[PDB]
>>> print(open('final.pdb').read())   # PDB, N, CA and C atoms
ATOM      1  N   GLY W   1       6.390 -20.688  25.886
ATOM      2  CA  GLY W   1       7.697 -20.472  26.551
ATOM      3  C   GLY W   1       8.706 -19.834  25.618
ATOM      4  N   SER W   2       9.972 -19.860  26.008
ATOM      5  CA  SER W   2      11.036 -19.285  25.200
ATOM      6  C   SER W   2      11.372 -20.198  24.020
ATOM      7  N   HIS W   3      11.338 -19.638  22.818
ATOM      8  CA  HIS W   3      11.632 -20.392  21.605
ATOM      9  C   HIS W   3      12.276 -19.479  20.567
ATOM     10  N   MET W   4      13.489 -19.822  20.143
ATOM     11  CA  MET W   4      14.212 -19.023  19.155
ATOM     12  C   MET W   4      13.573 -19.167  17.775
ATOM     13  N   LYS W   5      13.364 -18.043  17.099
ATOM     14  CA  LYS W   5      12.751 -18.041  15.775
ATOM     15  C   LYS W   5      13.766 -17.679  14.699
ATOM     16  N   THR W   6      13.603 -18.265  13.525
ATOM     17  CA  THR W   6      14.484 -17.998  12.400
ATOM     18  C   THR W   6      13.940 -16.822  11.581
ATOM     19  N   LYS W   7      14.466 -16.621  10.378
ATOM     20  CA  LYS W   7      14.009 -15.528   9.530
ATOM     21  C   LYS W   7      12.663 -15.874   8.901
ATOM     22  N   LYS W   8      12.026 -14.888   8.291
ATOM     23  CA  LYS W   8      10.742 -15.086   7.666
ATOM     24  C   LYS W   8      10.832 -14.856   6.162
ATOM     25  N   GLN W   9       9.836 -15.340   5.439
ATOM     26  CA  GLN W   9       9.812 -15.209   3.992
ATOM     27  C   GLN W   9       8.693 -14.274   3.553
ATOM     28  N   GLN W  10       7.480 -14.553   4.015
ATOM     29  CA  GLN W  10       6.319 -13.748   3.656
ATOM     30  C   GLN W  10       5.518 -13.364   4.896
ATOM     31  N   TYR W  11       5.655 -12.118   5.332
ATOM     32  CA  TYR W  11       4.930 -11.643   6.503
ATOM     33  C   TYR W  11       4.123 -10.396   6.189
ATOM     34  N   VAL W  12       3.203 -10.074   7.088
ATOM     35  CA  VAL W  12       2.353  -8.907   6.942
ATOM     36  C   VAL W  12       2.204  -8.188   8.279
ATOM     37  N   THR W  13       2.244  -6.865   8.238
ATOM     38  CA  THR W  13       2.103  -6.063   9.439
ATOM     39  C   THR W  13       1.538  -4.686   9.081
ATOM     40  N   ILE W  14       0.616  -4.198   9.905
ATOM     41  CA  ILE W  14      -0.026  -2.908   9.676
ATOM     42  C   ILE W  14      -0.090  -2.110  10.977
ATOM     43  N   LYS W  15       0.579  -0.966  11.004
ATOM     44  CA  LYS W  15       0.604  -0.123  12.187
ATOM     45  C   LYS W  15      -0.233   1.135  11.987
ATOM     46  N   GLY W  16      -1.334   1.204  12.717
ATOM     47  CA  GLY W  16      -2.221   2.345  12.656
ATOM     48  C   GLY W  16      -3.003   2.469  13.940
ATOM     49  N   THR W  17      -2.295   2.780  15.011
ATOM     50  CA  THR W  17      -2.908   2.894  16.322
ATOM     51  C   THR W  17      -2.907   4.342  16.821
ATOM     52  N   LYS W  18      -1.738   4.859  17.165
ATOM     53  CA  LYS W  18      -1.621   6.228  17.648
ATOM     54  C   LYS W  18      -0.752   7.017  16.693
ATOM     55  N   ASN W  19      -0.586   6.470  15.501
ATOM     56  CA  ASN W  19       0.246   7.081  14.480
ATOM     57  C   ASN W  19      -0.533   7.198  13.175
ATOM     58  N   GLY W  20       0.170   7.477  12.081
ATOM     59  CA  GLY W  20      -0.478   7.592  10.788
ATOM     60  C   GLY W  20      -0.889   6.243  10.233
ATOM     61  N   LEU W  21      -0.063   5.689   9.359
ATOM     62  CA  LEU W  21      -0.346   4.396   8.756
ATOM     63  C   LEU W  21       0.925   3.799   8.159
ATOM     64  N   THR W  22       1.534   2.881   8.889
ATOM     65  CA  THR W  22       2.751   2.228   8.436
ATOM     66  C   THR W  22       2.498   0.739   8.231
ATOM     67  N   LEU W  23       2.416   0.318   6.981
ATOM     68  CA  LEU W  23       2.159  -1.079   6.673
ATOM     69  C   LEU W  23       3.211  -1.629   5.724
ATOM     70  N   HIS W  24       3.516  -2.905   5.888
ATOM     71  CA  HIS W  24       4.501  -3.574   5.059
ATOM     72  C   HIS W  24       4.038  -4.987   4.724
ATOM     73  N   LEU W  25       3.769  -5.224   3.454
ATOM     74  CA  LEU W  25       3.357  -6.536   2.992
ATOM     75  C   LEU W  25       4.506  -7.141   2.201
ATOM     76  N   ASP W  26       4.886  -8.363   2.545
ATOM     77  CA  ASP W  26       5.984  -9.035   1.862
ATOM     78  C   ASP W  26       5.508 -10.354   1.269
ATOM     79  N   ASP W  27       4.828 -10.276   0.135
ATOM     80  CA  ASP W  27       4.308 -11.469  -0.529
ATOM     81  C   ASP W  27       4.117 -11.209  -2.018
ATOM     82  N   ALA W  28       4.528 -12.162  -2.844
ATOM     83  CA  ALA W  28       4.421 -12.027  -4.290
ATOM     84  C   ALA W  28       3.318 -12.921  -4.848
ATOM     85  N   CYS W  29       2.628 -12.416  -5.874
ATOM     86  CA  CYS W  29       1.526 -13.132  -6.536
ATOM     87  C   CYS W  29       0.392 -13.487  -5.566
ATOM     88  N   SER W  30       0.322 -12.790  -4.443
ATOM     89  CA  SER W  30      -0.716 -13.038  -3.454
ATOM     90  C   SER W  30      -1.600 -11.806  -3.305
ATOM     91  N   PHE W  31      -2.849 -12.023  -2.908
ATOM     92  CA  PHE W  31      -3.795 -10.926  -2.736
ATOM     93  C   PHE W  31      -3.530 -10.173  -1.439
ATOM     94  N   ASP W  32      -3.786  -8.873  -1.470
ATOM     95  CA  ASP W  32      -3.573  -8.008  -0.317
ATOM     96  C   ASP W  32      -4.892  -7.408   0.154
ATOM     97  N   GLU W  33      -5.975  -8.153  -0.040
ATOM     98  CA  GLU W  33      -7.308  -7.699   0.366
ATOM     99  C   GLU W  33      -7.384  -7.470   1.880
ATOM    100  N   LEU W  34      -6.572  -8.206   2.636
ATOM    101  CA  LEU W  34      -6.548  -8.057   4.088
ATOM    102  C   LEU W  34      -5.606  -6.926   4.484
ATOM    103  N   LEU W  35      -4.941  -6.356   3.491
ATOM    104  CA  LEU W  35      -4.005  -5.269   3.720
ATOM    105  C   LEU W  35      -4.622  -3.937   3.307
ATOM    106  N   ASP W  36      -5.156  -3.892   2.090
ATOM    107  CA  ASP W  36      -5.775  -2.678   1.565
ATOM    108  C   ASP W  36      -7.013  -2.304   2.379
ATOM    109  N   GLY W  37      -7.674  -3.315   2.945
ATOM    110  CA  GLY W  37      -8.851  -3.073   3.757
ATOM    111  C   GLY W  37      -8.523  -2.228   4.967
ATOM    112  N   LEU W  38      -7.536  -2.673   5.739
ATOM    113  CA  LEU W  38      -7.109  -1.957   6.934
ATOM    114  C   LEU W  38      -6.485  -0.619   6.559
ATOM    115  N   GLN W  39      -5.772  -0.607   5.436
ATOM    116  CA  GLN W  39      -5.120   0.600   4.936
ATOM    117  C   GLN W  39      -6.117   1.751   4.838
ATOM    118  N   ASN W  40      -7.239   1.490   4.185
ATOM    119  CA  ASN W  40      -8.270   2.505   4.009
ATOM    120  C   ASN W  40      -9.018   2.760   5.312
ATOM    121  N   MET W  41      -9.331   1.683   6.024
ATOM    122  CA  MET W  41     -10.062   1.766   7.286
ATOM    123  C   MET W  41      -9.355   2.672   8.297
ATOM    124  N   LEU W  42      -8.057   2.461   8.474
ATOM    125  CA  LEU W  42      -7.275   3.240   9.427
ATOM    126  C   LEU W  42      -7.129   4.692   8.977
ATOM    127  N   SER W  43      -6.890   4.902   7.687
ATOM    128  CA  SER W  43      -6.737   6.251   7.137
ATOM    129  C   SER W  43      -8.005   7.081   7.351
ATOM    130  N   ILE W  44      -9.159   6.439   7.220
ATOM    131  CA  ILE W  44     -10.430   7.120   7.408
ATOM    132  C   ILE W  44     -10.734   7.270   8.896
ATOM    133  N   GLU W  45     -10.349   6.262   9.669
ATOM    134  CA  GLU W  45     -10.588   6.264  11.105
ATOM    135  C   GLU W  45      -9.800   7.367  11.802
ATOM    136  N   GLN W  46      -8.477   7.237  11.816
ATOM    137  CA  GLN W  46      -7.628   8.212  12.483
ATOM    138  C   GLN W  46      -6.162   8.057  12.076
ATOM    139  N   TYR W  47      -5.604   9.109  11.491
ATOM    140  CA  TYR W  47      -4.205   9.123  11.084
ATOM    141  C   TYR W  47      -3.481  10.216  11.860
ATOM    142  N   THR W  48      -4.107  10.620  12.953
ATOM    143  CA  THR W  48      -3.588  11.652  13.825
ATOM    144  C   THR W  48      -2.529  11.092  14.775
ATOM    145  N   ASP W  49      -1.265  11.287  14.420
ATOM    146  CA  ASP W  49      -0.151  10.812  15.237
ATOM    147  C   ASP W  49       0.126  11.780  16.386
ATOM    148  N   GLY W  50       0.286  13.053  16.044
ATOM    149  CA  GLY W  50       0.548  14.063  17.047
ATOM    150  C   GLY W  50       1.947  14.635  16.942
ATOM    151  N   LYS W  51       2.889  13.812  16.509
ATOM    152  CA  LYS W  51       4.275  14.246  16.376
ATOM    153  C   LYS W  51       4.675  14.288  14.917
ATOM    154  N   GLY W  52       4.298  13.245  14.217
ATOM    155  CA  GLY W  52       4.598  13.122  12.808
ATOM    156  C   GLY W  52       4.025  11.846  12.234
ATOM    157  N   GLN W  53       2.767  11.911  11.814
ATOM    158  CA  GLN W  53       2.072  10.755  11.255
ATOM    159  C   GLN W  53       2.846  10.139  10.097
ATOM    160  N   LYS W  54       3.328   8.926  10.318
ATOM    161  CA  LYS W  54       4.088   8.210   9.317
ATOM    162  C   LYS W  54       3.149   7.383   8.451
ATOM    163  N   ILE W  55       2.786   7.928   7.301
ATOM    164  CA  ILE W  55       1.892   7.245   6.380
ATOM    165  C   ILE W  55       2.697   6.661   5.224
ATOM    166  N   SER W  56       3.475   5.639   5.523
ATOM    167  CA  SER W  56       4.310   4.999   4.523
ATOM    168  C   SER W  56       3.754   3.642   4.126
ATOM    169  N   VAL W  57       3.110   3.597   2.972
ATOM    170  CA  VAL W  57       2.543   2.363   2.459
ATOM    171  C   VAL W  57       3.582   1.648   1.608
ATOM    172  N   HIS W  58       4.314   0.732   2.222
ATOM    173  CA  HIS W  58       5.351  -0.001   1.517
ATOM    174  C   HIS W  58       4.869  -1.399   1.154
ATOM    175  N   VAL W  59       4.318  -1.518  -0.042
ATOM    176  CA  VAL W  59       3.800  -2.786  -0.531
ATOM    177  C   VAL W  59       4.861  -3.520  -1.339
ATOM    178  N   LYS W  60       5.729  -4.232  -0.639
ATOM    179  CA  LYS W  60       6.794  -4.985  -1.285
ATOM    180  C   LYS W  60       6.264  -6.331  -1.759
ATOM    181  N   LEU W  61       5.399  -6.277  -2.761
ATOM    182  CA  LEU W  61       4.794  -7.475  -3.320
ATOM    183  C   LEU W  61       5.750  -8.164  -4.283
ATOM    184  N   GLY W  62       5.994  -7.516  -5.411
ATOM    185  CA  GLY W  62       6.875  -8.068  -6.413
ATOM    186  C   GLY W  62       6.195  -8.111  -7.761
ATOM    187  N   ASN W  63       6.082  -9.300  -8.335
ATOM    188  CA  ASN W  63       5.453  -9.456  -9.643
ATOM    189  C   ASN W  63       3.940  -9.592  -9.508
ATOM    190  N   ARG W  64       3.403  -9.109  -8.393
ATOM    191  CA  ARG W  64       1.972  -9.176  -8.139
ATOM    192  C   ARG W  64       1.224  -8.238  -9.075
ATOM    193  N   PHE W  65       1.877  -7.131  -9.440
ATOM    194  CA  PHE W  65       1.290  -6.133 -10.333
ATOM    195  C   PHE W  65      -0.040  -5.631  -9.776
ATOM    196  N   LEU W  66       0.042  -4.814  -8.740
ATOM    197  CA  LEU W  66      -1.147  -4.273  -8.108
ATOM    198  C   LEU W  66      -1.697  -3.093  -8.899
ATOM    199  N   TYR W  67      -3.001  -2.895  -8.798
ATOM    200  CA  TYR W  67      -3.661  -1.798  -9.479
ATOM    201  C   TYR W  67      -3.434  -0.502  -8.722
ATOM    202  N   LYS W  68      -2.270   0.094  -8.943
ATOM    203  CA  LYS W  68      -1.909   1.345  -8.286
ATOM    204  C   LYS W  68      -2.957   2.413  -8.545
ATOM    205  N   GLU W  69      -3.550   2.379  -9.730
ATOM    206  CA  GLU W  69      -4.566   3.355 -10.111
ATOM    207  C   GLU W  69      -5.787   3.295  -9.191
ATOM    208  N   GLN W  70      -6.046   2.125  -8.613
ATOM    209  CA  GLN W  70      -7.180   1.956  -7.711
ATOM    210  C   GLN W  70      -6.905   2.632  -6.371
ATOM    211  N   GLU W  71      -5.660   2.560  -5.930
ATOM    212  CA  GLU W  71      -5.264   3.164  -4.664
ATOM    213  C   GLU W  71      -4.903   4.633  -4.865
ATOM    214  N   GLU W  72      -4.374   4.936  -6.041
ATOM    215  CA  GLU W  72      -3.961   6.289  -6.390
ATOM    216  C   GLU W  72      -5.151   7.244  -6.399
ATOM    217  N   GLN W  73      -6.286   6.792  -6.929
ATOM    218  CA  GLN W  73      -7.482   7.635  -6.994
ATOM    219  C   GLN W  73      -7.950   8.050  -5.599
ATOM    220  N   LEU W  74      -7.823   7.160  -4.621
ATOM    221  CA  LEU W  74      -8.223   7.494  -3.263
ATOM    222  C   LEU W  74      -7.127   8.327  -2.606
ATOM    223  N   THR W  75      -5.888   8.093  -3.032
ATOM    224  CA  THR W  75      -4.747   8.827  -2.507
ATOM    225  C   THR W  75      -4.822  10.294  -2.927
ATOM    226  N   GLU W  76      -5.392  10.539  -4.106
ATOM    227  CA  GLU W  76      -5.543  11.893  -4.640
ATOM    228  C   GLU W  76      -6.260  12.809  -3.644
ATOM    229  N   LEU W  77      -7.179  12.233  -2.874
ATOM    230  CA  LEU W  77      -7.931  12.984  -1.870
ATOM    231  C   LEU W  77      -7.004  13.479  -0.762
ATOM    232  N   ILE W  78      -6.001  12.671  -0.445
ATOM    233  CA  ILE W  78      -5.036  13.012   0.589
ATOM    234  C   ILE W  78      -3.880  13.808  -0.012
ATOM    235  N   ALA W  79      -3.622  13.581  -1.296
ATOM    236  CA  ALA W  79      -2.552  14.267  -2.011
ATOM    237  C   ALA W  79      -2.780  15.775  -2.020
ATOM    238  N   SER W  80      -4.044  16.175  -1.932
ATOM    239  CA  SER W  80      -4.403  17.588  -1.920
ATOM    240  C   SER W  80      -3.995  18.246  -0.596
ATOM    241  N   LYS W  81      -3.653  17.426   0.393
ATOM    242  CA  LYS W  81      -3.235  17.918   1.700
ATOM    243  C   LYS W  81      -2.130  17.033   2.259
ATOM    244  N   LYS W  82      -1.231  16.614   1.379
ATOM    245  CA  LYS W  82      -0.125  15.738   1.762
ATOM    246  C   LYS W  82       0.975  16.485   2.518
ATOM    247  N   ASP W  83       0.619  17.029   3.669
ATOM    248  CA  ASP W  83       1.573  17.745   4.507
ATOM    249  C   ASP W  83       2.208  16.770   5.490
ATOM    250  N   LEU W  84       1.617  15.585   5.564
ATOM    251  CA  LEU W  84       2.085  14.531   6.450
ATOM    252  C   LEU W  84       3.169  13.717   5.753
ATOM    253  N   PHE W  85       3.769  12.775   6.469
ATOM    254  CA  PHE W  85       4.816  11.937   5.898
ATOM    255  C   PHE W  85       4.204  10.752   5.165
ATOM    256  N   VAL W  86       3.631  11.022   4.005
ATOM    257  CA  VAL W  86       3.007   9.983   3.201
ATOM    258  C   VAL W  86       3.931   9.554   2.062
ATOM    259  N   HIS W  87       4.116   8.245   1.922
ATOM    260  CA  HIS W  87       4.969   7.694   0.876
ATOM    261  C   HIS W  87       4.564   6.261   0.557
ATOM    262  N   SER W  88       3.909   6.076  -0.577
ATOM    263  CA  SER W  88       3.470   4.756  -1.000
ATOM    264  C   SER W  88       4.291   4.279  -2.192
ATOM    265  N   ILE W  89       4.751   3.039  -2.138
ATOM    266  CA  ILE W  89       5.537   2.476  -3.226
ATOM    267  C   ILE W  89       5.481   0.950  -3.204
ATOM    268  N   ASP W  90       5.294   0.365  -4.377
ATOM    269  CA  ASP W  90       5.217  -1.081  -4.523
ATOM    270  C   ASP W  90       6.461  -1.599  -5.263
ATOM    271  N   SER W  91       6.349  -2.738  -5.945
ATOM    272  CA  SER W  91       7.480  -3.301  -6.674
ATOM    273  C   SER W  91       7.065  -3.777  -8.070
ATOM    274  N   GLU W  92       6.168  -3.027  -8.711
ATOM    275  CA  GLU W  92       5.684  -3.366 -10.054
ATOM    276  C   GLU W  92       6.814  -3.420 -11.081
ATOM    277  N   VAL W  93       6.492  -3.936 -12.257
ATOM    278  CA  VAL W  93       7.452  -4.047 -13.339
ATOM    279  C   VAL W  93       7.118  -3.047 -14.441
ATOM    280  N   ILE W  94       8.032  -2.119 -14.678
ATOM    281  CA  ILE W  94       7.845  -1.097 -15.702
ATOM    282  C   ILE W  94       7.653  -1.723 -17.085
ATOM    283  N   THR W  95       6.570  -1.349 -17.749
ATOM    284  CA  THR W  95       6.271  -1.866 -19.075
ATOM    285  C   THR W  95       6.167  -0.728 -20.089
ATOM    286  N   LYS W  96       7.084  -0.707 -21.048
ATOM    287  CA  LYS W  96       7.096   0.322 -22.077
ATOM    288  C   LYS W  96       6.171  -0.080 -23.224
ATOM    289  N   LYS W  97       4.882   0.159 -23.040
ATOM    290  CA  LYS W  97       3.886  -0.187 -24.037
ATOM    291  C   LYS W  97       2.883   0.947 -24.205
ATOM    292  N   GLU W  98       2.408   1.136 -25.423
ATOM    293  CA  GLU W  98       1.422   2.164 -25.700
ATOM    294  C   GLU W  98       0.026   1.656 -25.354
ATOM    295  N   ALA W  99      -0.315   1.713 -24.076
ATOM    296  CA  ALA W  99      -1.622   1.276 -23.620
ATOM    297  C   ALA W  99      -2.640   2.384 -23.849
ATOM    298  N   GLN W 100      -3.015   2.557 -25.107
ATOM    299  CA  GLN W 100      -3.978   3.573 -25.486
ATOM    300  C   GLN W 100      -5.372   3.191 -25.016
ATOM    301  N   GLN W 101      -5.975   4.057 -24.222
ATOM    302  CA  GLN W 101      -7.305   3.811 -23.705
ATOM    303  C   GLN W 101      -8.353   4.281 -24.704
ATOM    304  N   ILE W 102      -8.615   3.442 -25.688
ATOM    305  CA  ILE W 102      -9.605   3.734 -26.704
ATOM    306  C   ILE W 102     -10.612   2.593 -26.758
ATOM    307  N   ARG W 103     -11.852   2.878 -26.403
ATOM    308  CA  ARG W 103     -12.872   1.853 -26.400
ATOM    309  C   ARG W 103     -14.046   2.231 -27.284
ATOM    310  N   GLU W 104     -14.375   1.351 -28.215
ATOM    311  CA  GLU W 104     -15.496   1.568 -29.114
ATOM    312  C   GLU W 104     -16.638   0.643 -28.728
ATOM    313  N   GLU W 105     -16.523   0.065 -27.540
ATOM    314  CA  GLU W 105     -17.533  -0.844 -27.031
ATOM    315  C   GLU W 105     -18.653  -0.047 -26.376
TER     316      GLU W 105
END
>>> encode(input="final.pdb", output="structure tokens")
Amino acid sequence: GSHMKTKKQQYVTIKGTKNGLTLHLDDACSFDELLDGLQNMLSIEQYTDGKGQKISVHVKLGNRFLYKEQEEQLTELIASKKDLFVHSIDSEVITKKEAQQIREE
């Protein structure tokens, strides 16, 4: 029946039906395996909107520190033809460190 709802703290929503891919995750220190899964699935399935595919991946996680490089590598495939409205951004913490990738292992 009718029931008034208050505000939310941590919600998840993914829109990829007749449009591009608009998803918004609002959770910190939590896994987004149920988010990244659909993200890739929908992008491969169909991102054909018809008017203007909105491919805005807004991962408002926080101090979760997601591996952008993991998503970026797959994004590179679309970046070569980023004529659509694609915009992905998270909430990582900038770290000024010399992370030299040198492995003698």
>>> closest_residue(input="final.pdb", among="W:65, W:1, W:86, W:23", to="residue 39 (chain W)", atoms="all atoms listed in the file")
W:23
>>> atom_distance(input="final.pdb", atom1="atom N of residue 22 (chain W)", atom2="atom C of residue 92 (chain W)")
21.6 Å
>>> resolve_selection(input="final.pdb", expression="the PyMOL selection byres ((chain W and resi 50) around 7)", output="PyMOL selection string")
chain W and resi 18-20+47-49+51-53
>>> atom_distance(input="final.pdb", atom1="atom N of residue 16 (chain W)", atom2="CA of residue 63 (chain W)")
25.7 Å
>>> atom_distance(input="final.pdb", atom1="atom N of residue 79 (chain W)", atom2="atom N of residue 59 (chain W)")
17.1 Å
>>> residues_near_point(input="final.pdb", point="(-1.6, -6.0, 5.0)", cutoff="10 Å", atoms="only C-alpha atoms", output="JSON, numbers by chain")
{"W": [11, 12, 13, 14, 15, 22, 23, 24, 25, 26, 27, 31, 32, 33, 34, 35, 36, 37, 38, 39, 57, 58, 59]}
>>> select_by_dssp(input="final.pdb", residues="region 28-98 of chain W", states="strand (DSSP E)", output="NGL selection string")
:W and (54-59 or 85-89)
>>> resolve_selection(input="final.pdb", expression="the PyMOL selection byres (((chain W and resi 62 and name CA) around 7) and name CA)", output="JSON, numbers by chain")
{"W": [28, 60, 61, 63, 64, 91, 92]}
>>> select_by_dssp(input="final.pdb", residues="chain W", states="helix (DSSP H, G or I)", output="mmCIF file with N, CA and C atoms, in the frame of the given file")
data_model
loop_
_atom_site.group_PDB
_atom_site.id
_atom_site.type_symbol
_atom_site.label_atom_id
_atom_site.label_comp_id
_atom_site.auth_asym_id
_atom_site.auth_seq_id
_atom_site.Cartn_x
_atom_site.Cartn_y
_atom_site.Cartn_z
ATOM 1 N N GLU W 33 -5.975 -8.153 -0.040
ATOM 2 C CA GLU W 33 -7.308 -7.699 0.366
ATOM 3 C C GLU W 33 -7.384 -7.470 1.880
ATOM 4 N N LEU W 34 -6.572 -8.206 2.636
ATOM 5 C CA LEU W 34 -6.548 -8.057 4.088
ATOM 6 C C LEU W 34 -5.606 -6.926 4.484
ATOM 7 N N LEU W 35 -4.941 -6.356 3.491
ATOM 8 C CA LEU W 35 -4.005 -5.269 3.720
ATOM 9 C C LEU W 35 -4.622 -3.937 3.307
ATOM 10 N N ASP W 36 -5.156 -3.892 2.090
ATOM 11 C CA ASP W 36 -5.775 -2.678 1.565
ATOM 12 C C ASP W 36 -7.013 -2.304 2.379
ATOM 13 N N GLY W 37 -7.674 -3.315 2.945
ATOM 14 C CA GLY W 37 -8.851 -3.073 3.757
ATOM 15 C C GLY W 37 -8.523 -2.228 4.967
ATOM 16 N N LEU W 38 -7.536 -2.673 5.739
ATOM 17 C CA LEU W 38 -7.109 -1.957 6.934
ATOM 18 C C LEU W 38 -6.485 -0.619 6.559
ATOM 19 N N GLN W 39 -5.772 -0.607 5.436
ATOM 20 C CA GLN W 39 -5.120 0.600 4.936
ATOM 21 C C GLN W 39 -6.117 1.751 4.838
ATOM 22 N N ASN W 40 -7.239 1.490 4.185
ATOM 23 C CA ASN W 40 -8.270 2.505 4.009
ATOM 24 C C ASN W 40 -9.018 2.760 5.312
ATOM 25 N N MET W 41 -9.331 1.683 6.024
ATOM 26 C CA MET W 41 -10.062 1.766 7.286
ATOM 27 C C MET W 41 -9.355 2.672 8.297
ATOM 28 N N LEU W 42 -8.057 2.461 8.474
ATOM 29 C CA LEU W 42 -7.275 3.240 9.427
ATOM 30 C C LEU W 42 -7.129 4.692 8.977
ATOM 31 N N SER W 43 -6.890 4.902 7.687
ATOM 32 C CA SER W 43 -6.737 6.251 7.137
ATOM 33 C C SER W 43 -8.005 7.081 7.351
ATOM 34 N N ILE W 44 -9.159 6.439 7.220
ATOM 35 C CA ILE W 44 -10.430 7.120 7.408
ATOM 36 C C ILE W 44 -10.734 7.270 8.896
ATOM 37 N N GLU W 45 -10.349 6.262 9.669
ATOM 38 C CA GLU W 45 -10.588 6.264 11.105
ATOM 39 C C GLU W 45 -9.800 7.367 11.802
ATOM 40 N N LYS W 68 -2.270 0.094 -8.943
ATOM 41 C CA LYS W 68 -1.909 1.345 -8.286
ATOM 42 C C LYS W 68 -2.957 2.413 -8.545
ATOM 43 N N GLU W 69 -3.550 2.379 -9.730
ATOM 44 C CA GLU W 69 -4.566 3.355 -10.111
ATOM 45 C C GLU W 69 -5.787 3.295 -9.191
ATOM 46 N N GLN W 70 -6.046 2.125 -8.613
ATOM 47 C CA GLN W 70 -7.180 1.956 -7.711
ATOM 48 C C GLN W 70 -6.905 2.632 -6.371
ATOM 49 N N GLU W 71 -5.660 2.560 -5.930
ATOM 50 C CA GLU W 71 -5.264 3.164 -4.664
ATOM 51 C C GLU W 71 -4.903 4.633 -4.865
ATOM 52 N N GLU W 72 -4.374 4.936 -6.041
ATOM 53 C CA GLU W 72 -3.961 6.289 -6.390
ATOM 54 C C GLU W 72 -5.151 7.244 -6.399
ATOM 55 N N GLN W 73 -6.286 6.792 -6.929
ATOM 56 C CA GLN W 73 -7.482 7.635 -6.994
ATOM 57 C C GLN W 73 -7.950 8.050 -5.599
ATOM 58 N N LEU W 74 -7.823 7.160 -4.621
ATOM 59 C CA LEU W 74 -8.223 7.494 -3.263
ATOM 60 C C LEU W 74 -7.127 8.327 -2.606
ATOM 61 N N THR W 75 -5.888 8.093 -3.032
ATOM 62 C CA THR W 75 -4.747 8.827 -2.507
ATOM 63 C C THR W 75 -4.822 10.294 -2.927
ATOM 64 N N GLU W 76 -5.392 10.539 -4.106
ATOM 65 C CA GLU W 76 -5.543 11.893 -4.640
ATOM 66 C C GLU W 76 -6.260 12.809 -3.644
ATOM 67 N N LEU W 77 -7.179 12.233 -2.874
ATOM 68 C CA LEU W 77 -7.931 12.984 -1.870
ATOM 69 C C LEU W 77 -7.004 13.479 -0.762
ATOM 70 N N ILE W 78 -6.001 12.671 -0.445
ATOM 71 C CA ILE W 78 -5.036 13.012 0.589
ATOM 72 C C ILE W 78 -3.880 13.808 -0.012
ATOM 73 N N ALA W 79 -3.622 13.581 -1.296
ATOM 74 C CA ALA W 79 -2.552 14.267 -2.011
ATOM 75 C C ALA W 79 -2.780 15.775 -2.020
#
>>> resolve_selection(input="final.pdb", expression="the PyMOL selection byres ((chain W and resi 85) around 5)", output="PDB file with N, CA and C atoms, in the coordinates of the input")
ATOM      1  N   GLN W  53       2.767  11.911  11.814  1.00  0.00           N
ATOM      2  CA  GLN W  53       2.072  10.755  11.255  1.00  0.00           C
ATOM      3  C   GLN W  53       2.846  10.139  10.097  1.00  0.00           C
ATOM      4  N   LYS W  54       3.328   8.926  10.318  1.00  0.00           N
ATOM      5  CA  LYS W  54       4.088   8.210   9.317  1.00  0.00           C
ATOM      6  C   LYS W  54       3.149   7.383   8.451  1.00  0.00           C
ATOM      7  N   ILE W  55       2.786   7.928   7.301  1.00  0.00           N
ATOM      8  CA  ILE W  55       1.892   7.245   6.380  1.00  0.00           C
ATOM      9  C   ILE W  55       2.697   6.661   5.224  1.00  0.00           C
ATOM     10  N   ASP W  83       0.619  17.029   3.669  1.00  0.00           N
ATOM     11  CA  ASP W  83       1.573  17.745   4.507  1.00  0.00           C
ATOM     12  C   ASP W  83       2.208  16.770   5.490  1.00  0.00           C
ATOM     13  N   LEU W  84       1.617  15.585   5.564  1.00  0.00           N
ATOM     14  CA  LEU W  84       2.085  14.531   6.450  1.00  0.00           C
ATOM     15  C   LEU W  84       3.169  13.717   5.753  1.00  0.00           C
ATOM     16  N   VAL W  86       3.631  11.022   4.005  1.00  0.00           N
ATOM     17  CA  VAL W  86       3.007   9.983   3.201  1.00  0.00           C
ATOM     18  C   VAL W  86       3.931   9.554   2.062  1.00  0.00           C
ATOM     19  N   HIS W  87       4.116   8.245   1.922  1.00  0.00           N
ATOM     20  CA  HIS W  87       4.969   7.694   0.876  1.00  0.00           C
ATOM     21  C   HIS W  87       4.564   6.261   0.557  1.00  0.00           C
TER      22      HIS W  87
END
>>> decode(input="final.pdb", residues="region 34-51 of chain W", atoms="C-alpha atoms", output="mmCIF file, in the first residue's frame")
data_model
loop_
_atom_site.group_PDB
_atom_site.id
_atom_site.type_symbol
_atom_site.label_atom_id
_atom_site.label_comp_id
_atom_site.auth_asym_id
_atom_site.auth_seq_id
_atom_site.Cartn_x
_atom_site.Cartn_y
_atom_site.Cartn_z
ATOM 1 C CA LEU W 34 27.128 -6.792 -8.921
ATOM 2 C CA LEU W 35 27.672 -3.424 -10.577
ATOM 3 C CA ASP W 36 30.694 -3.974 -12.824
ATOM 4 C CA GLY W 37 29.107 -7.203 -14.037
ATOM 5 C CA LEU W 38 26.026 -5.514 -15.461
ATOM 6 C CA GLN W 39 28.169 -2.579 -16.594
ATOM 7 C CA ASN W 40 30.122 -4.777 -18.996
ATOM 8 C CA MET W 41 27.172 -7.034 -19.830
ATOM 9 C CA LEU W 42 24.962 -4.142 -20.960
ATOM 10 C CA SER W 43 27.773 -2.378 -22.855
ATOM 11 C CA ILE W 44 28.439 -5.558 -24.834
ATOM 12 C CA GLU W 45 24.747 -6.371 -25.193
ATOM 13 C CA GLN W 46 23.345 -3.078 -26.477
ATOM 14 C CA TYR W 47 24.239 0.573 -25.862
ATOM 15 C CA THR W 48 22.135 1.738 -28.779
ATOM 16 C CA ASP W 49 19.926 4.519 -27.400
ATOM 17 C CA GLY W 50 18.869 6.102 -30.673
ATOM 18 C CA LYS W 51 18.834 9.714 -29.521
#
